[PDB]
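Asks: experimental coordinates for this protein are included below, preceded by the sequence.
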2 protein chains.
Amino acid sequence: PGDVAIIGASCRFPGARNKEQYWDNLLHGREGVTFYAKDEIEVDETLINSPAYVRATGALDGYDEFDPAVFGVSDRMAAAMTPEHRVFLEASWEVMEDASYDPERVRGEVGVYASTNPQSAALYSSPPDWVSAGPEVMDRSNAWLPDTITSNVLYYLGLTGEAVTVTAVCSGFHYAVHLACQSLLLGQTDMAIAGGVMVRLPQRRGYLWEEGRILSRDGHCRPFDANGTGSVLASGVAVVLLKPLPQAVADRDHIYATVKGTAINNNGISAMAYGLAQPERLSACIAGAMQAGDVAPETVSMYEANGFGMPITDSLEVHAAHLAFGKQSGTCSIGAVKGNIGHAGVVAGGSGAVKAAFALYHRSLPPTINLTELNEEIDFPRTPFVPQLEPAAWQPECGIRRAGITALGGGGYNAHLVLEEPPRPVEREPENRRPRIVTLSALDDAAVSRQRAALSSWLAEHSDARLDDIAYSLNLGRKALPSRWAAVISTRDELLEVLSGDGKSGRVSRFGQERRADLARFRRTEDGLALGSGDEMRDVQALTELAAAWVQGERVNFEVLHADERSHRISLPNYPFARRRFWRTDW
Amino acid sequence: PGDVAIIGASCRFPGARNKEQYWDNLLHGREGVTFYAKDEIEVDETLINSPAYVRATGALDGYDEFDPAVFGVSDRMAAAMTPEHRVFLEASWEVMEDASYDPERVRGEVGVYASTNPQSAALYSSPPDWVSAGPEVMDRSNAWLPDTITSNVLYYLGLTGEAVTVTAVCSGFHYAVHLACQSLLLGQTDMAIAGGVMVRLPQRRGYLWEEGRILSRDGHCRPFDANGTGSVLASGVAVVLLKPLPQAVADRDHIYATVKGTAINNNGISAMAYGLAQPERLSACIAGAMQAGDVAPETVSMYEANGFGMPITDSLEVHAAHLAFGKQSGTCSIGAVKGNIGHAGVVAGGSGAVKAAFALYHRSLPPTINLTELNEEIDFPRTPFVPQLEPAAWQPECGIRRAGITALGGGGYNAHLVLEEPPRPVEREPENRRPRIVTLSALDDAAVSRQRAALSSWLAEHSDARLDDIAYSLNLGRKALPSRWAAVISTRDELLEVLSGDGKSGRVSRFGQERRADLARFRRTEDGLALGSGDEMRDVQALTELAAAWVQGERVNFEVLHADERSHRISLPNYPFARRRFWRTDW
Ligand SMILES: [K+]
Ligand SMILES: [K+]
Ligand SMILES: [K+]
Ligand SMILES: [K+]
């Protein structure tokens, strides 16, 4: 009754600049950890020559890159913002795009719940000084405080709602999703942006190996392996857009998976060393999440573990999951994504949750890598869990696909969330052949051309995408920006041709160069221009003039254009951010 | 005897990127202080809106620019070096060029004495950590420690001698020049590099006015004015090359001025507030400097004062100078360069000293600016000093031109140095009409082209420069660098012709493209290739082969080329440093 749908997703991880790259890497079992030479590391002069220094890390490509003009941010402010502020702000923009929701036109309350690492801000620059209360002081505070990582999203995306920032160490992503779902179930918001960000500073840096501790000795992470010595430190970002399941189905959204239940607790007085799971407290967390979503352990066929790669910590976590599943659970696939990318800190739980969501969406199970000798002490044949050594189709005897993801952190933080595969797709009516308007807008002309190239490339990969879904998503899911482009077409092949080249071969492009659009033809609505009659909305000349009026900069009511058909929102390419490098120069 | 010659100079001050630009500004009474709008200052968020905040400073253009390849420095090391390390190192290279001395061919011991501000390094980056003793740690120490500002000059220029760094607050330049002269008079070195550097961090910054203090209320410095309220903070660098006067005349060097005497002391227990000159202690300093050089107060016709611009501080200094001059001194021109540029900290005494050296060299007196109401409390008609309101030719009733410069700082630091005009130029033998080789070398082709552009402009400005001096200075006073250019010409007008355009219209260019050089034509010497006869060294075709062999990278003995003539070293354009910005990214 309290299911929450994941209708948009955005992430960046070691070796992946977007979610499609991340899922493709997981499918092929790639390792995203980077190894450096001594001269490639320009910090830790005192440690670089130690025999225990491991020159390996999970780097985040473009951690210092940002496109402030798209957000209305000045260059001065972009350098003042911590890298976590910028990376999370850019991911929030992308997650609204992936769900095809224009924040300017969202009619409801949107909550932004995120988790961040305050240690990064303390290393990036000195904190704000509150000796005076001028507007330049407030700008500096909004650039540095972790409290405004979520607030700046509401402000710069044009949303209205509530913002909550939490700091929960290595359980950050799960705690954000947990609090977001409480906001939705109590009716405080209509949809929620939830995620976390982790940018380790210094970025290009190794670590010091110490025997018996969580950091790996060779730079490789080997979950559930007998020869595992730990993990690698990683950076990344992961954001999801959450919406109640009945509403997401009613609005014909694109659903990756649904959140059945979440649970949090703390080890408390029953404390362990770092990474060591206390069986009683962690199992209560795992069982509580399954109880919240009314799912029985017999129905959960995938378990995404924390999995540092240490024999003792991996053994305790598998034991805790066993206590929560019981004996009669059956069989379940177990894996740990940390073998692929390392320990991503605040967003470590996000890497597992995003992997499980895409696993449920594509009905595939990605492998766990760096596993050559199974840990005999765990005794997997005596447990419900089977290590996923190879990729495989997900066809459970249970009948339903459900996953559980666990996040462990320092300070005793525990968290577990349970996901279910998305609802079965409804039968679609055949697509009407009629002229449609498609729109693209960006900040400058060069970015619009990148959007056209990105859109044409996407069309080849997704040949089964309907045109009425494409136009509906582009027209109602993107912000209207100054440099604009539009076309009126009827088939997918016409769309591919007008996008090609300079993009000026379409009737709308030739219309705008010859004559200006006559607005007296249209009727004014509260949301913009509309056509005068229902018959006019199938006339090529009427639709061409309306699209040209939009290209000239007028506001068009796209809701009434698609009012007669029940199209679906689909996932389209993100904005092609021009990524200038920004870094503070004064401490 | 005990007189020390200034045979080379290099400086950068507010509004001047080199000494020629600096003297031209002083001659025209220009002010080099910069005034900013609020949005142009990106620091001091807590103060930018205060009514007492003055958006004025003496900026040092390119304080972050460096050309590490010219010095053999890596990009990583260039970012680790503090701006004072880079600026002073670049200035030492320039002072060797200005004096026409190639460090590879200097046979003697060179001392490097500099003054620096340790406050600047502590603001630029965290200090080195000595928990281990690796080579990367040693590189970081040499990049940060003030002790290595002088060592890096000796190492990176290829010199051998001694290096001494002193910290004497706002009298740093004088203390460096003072110690250099003791080093020369005791015979420990043959030439000495002396100077100071001041790079204020943050650079683009205003200041806070406090009533009754040294900082100006409107951003203008008005020395000796009744309405003066103080000075502005400035950054800069000034370096001079010192050599005993009898040797400098013997080696036909280029002499700006000579140092007659120097003196230092401290206020000690008889302390004052900042900027206030104690009459008894400062006068003893001024009198001691003139006694060291055996100069009588009757002969000093120019006094360059500290002159903050406050009536009370100006009154104490003019009185202290009066006590040292006595009654029988006569009349003397008094001025303060701080009215032009502000208080340059470590190098403030250098800005006045460099002004005095150029005044003696050009036999001209530049005016003191921002002076509208003379301070009536300073009974100027009853003193030997006359405020230099207008530029004027320097023709003293004394018969000899001598100047005195005072530098005051915090902590009681006092210093005074007395300069004399250079010796009268001797009658020169007429210039031989013969073919000459001229050479230019840098690290890449674009820099060599900049050298050609700089030399073509210089030839127009200095139409009285002899061609045999130009060739002598370029061939024997500049380091041979990988990217090379040479020409064989007989007059100044053909020299201007080969430099023009792409520089490939010359005789040497056609030889190098046609054939590679035949080394069998030349005789090998310990200093490089030489021509077979003295007649060949005056043959256009033989000189072309020798020059082309040099452009191809062979070593040429330029000493035997000029052995028959006794030419002079002259001042030619400095290296055209590629202006890349380097700044640290991790604290
Ligand atoms: K709980
Ligand atoms: K109308
Ligand atoms: K700066
Ligand atoms: K003394």
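Replies: Sure thing, it's come through. Numbers count the residues shown, from 1 in each chain, chains lettered A, B, ... in the order given. Ligands and ions are numbered 1, 2, ... in the order given.
Asks: check contacts around residue A:348.
Replies: A:170, A:173, A:198, A:234, A:306, A:338, A:407, A:409 (CB atoms under 8 Å, 6 or more residues apart in numbering or on different chains). C-beta here means a position set from N, CA and C on the backbone, and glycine is covered the same way.
Asks: highest neighbour count among those?
Replies: residue A:173 (36 neighbours; other CB atoms under 10 Å in any protein chain shown).
Asks: show me the contacts for that residue.
Replies: A:115, A:194-196, A:238, A:346-350, A:353, A:407.
Asks: phi, psi of residue A:88?
Replies: Here the main-chain torsion angles of residue A:88 (degrees, to the nearest 10) amount to phi -70, psi -40.
Asks: give me the neighbour count for the closest residue to ligand 3 within the stretch 401-550 of chain A.
Replies: Nearest to ligand 3, among the residues of the stretch 401-550 of chain A, is residue A:443, at 29.2 Å (CB to the ion). By other CB under 10 Å, the residues close to residue A:443 number 17.
Asks: tell me how chain A divides into domains.
Replies: Domain segmentation of chain A under curated CATH domains yields A:1-468+A:563-587, A:469-562.
Asks: out of those, which is the most enclosed?
Replies: domain A:1-468+A:563-587 (a mean of 20; mean count of other CB atoms under 10 Å in any protein chain shown).
Asks: and the end-to-end length of that one?
Replies: Using CA to CA, to the nearest Å, the end-to-end distance of domain A:1-468+A:563-587 comes out at 51 Å.
Asks: how far away from the center of its chain is it?
Replies: Centre-to-centre, domain A:1-468+A:563-587 and its host chain are 6 Å apart (CA atoms, centre = their mean, to the nearest Å).
Asks: now, the contacts of residue A:348 that are in strands?
Replies: The strands, defined by DSSP state E, take in A:198, A:407 from the contacts of residue A:348.
Asks: which one of the contacts of residue A:348 is nearest residue B:362?
Replies: Using CB to CB, residue A:198 comes nearest to residue B:362 of the contacts of residue A:348, at 63.5 Å.
Asks: residue A:284 contacts residue A:266, doesn't it?
Replies: No - shown here, residue A:284 and residue A:266 do not form a contact pair, counting by CB atoms under 8 Å, at 10.9 Å.
Asks: please enumerate the helices of the stretch 251-400 of chain A.
Replies: If DSSP state H, counting those that start in this stretch is used as the criterion, the helices of the stretch 251-400 of chain A fall at A:279-292, A:311-325, A:338-341, A:348-362.
Asks: please name every helix or strand in contact with the shortest one.
Replies: Using 3 or more CB pairs under 8 Å, 6 or more residues apart in numbering or on different chains; DSSP states H and E as the contact definition, the elements that helix A:338-341 packs against are helix A:348-362.
Asks: what's near enough to touch residue A:209?
Replies: Going by CB under 8 Å, 6+ apart, residue A:209 touches A:52-54, A:215-217, A:229.
Asks: okay if I get the helices of the stretch 251-400 of chain A as TSV plus distance to residue A:96?
Replies: What follows is the helices of the stretch 251-400 of chain A, written out as TSV (distance: least, CB to CB, whole Å):
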stretch	distance to residue A:96
helix A:279-292	27
helix A:311-325	35
helix A:338-341	25
helix A:348-362	17
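Asks: check the contacts of residue A:173 and tell me the two furthest apart.
Replies: Farthest-apart pair in the contacts of residue A:173 is A:194 and A:348; separation 15.3 Å (CB to CB).
Asks: ok, now which ones touch the spatially closest residue to residue A:326 that is not a sequence neighbour?
Replies: Nearest non-adjacent residue to residue A:326, counting by CB to CB, 6 or more residues apart in numbering or on different chains: residue A:297, 5.8 Å away. Applying CB under 8 Å, 6+ apart, we find residue A:297 in contact with A:290, A:324-326, A:329, A:384.
Asks: mind putting those in CSV, distance to residue A:25 included?
Replies: Shown next, in CSV, are these (distance: CB to CB, whole Å):
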residue, distance to residue A:25
A:290, 29
A:324, 30
A:325, 29
A:326, 34
A:329, 30
A:384, 28
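Asks: of all the residues you listed, which comes closest to residue A:399?
Replies: The nearest member of the contacts of residue A:297 to residue A:399, counting by CB to CB, is residue A:329 at 14.6 Å.
Asks: correct me if wrong: the closest one contacts residue A:300.
Replies: Yes - with contacts counted by CB under 8 Å, residue A:329 reaches residue A:300, the gap being 7.5 Å.
Asks: I'd say residue A:90 and residue A:578 touch.
Replies: No - in this structure residue A:90 lies outside contact range of residue A:578 using CB under 8 Å: 11.8 Å.
Asks: which neighbours do these two share?
Replies: Here residue A:90 and residue A:578 share the contacting residues residue A:67, scored by CB under 8 Å, 6+ apart.
Asks: for residue A:465, which non-adjacent residue is closest in space?
Replies: residue A:570 (6.1 Å).
Asks: need phi/psi at the one you found.
Replies: Reported as degrees, to the nearest 10, the phi and psi values for residue A:570 are phi -130, psi 170.
Asks: OK, contacts around whichever residue of the stretch 151-300 of chain A sits closest to ligand 3?
Replies: Here the residue of the stretch 151-300 of chain A nearest ligand 3 is residue A:201; by CB to the ion that distance is 20.2 Å. Neighbouring residues of residue A:201 by CB under 8 Å, 6+ apart: A:83, A:120, A:123-124, B:586.
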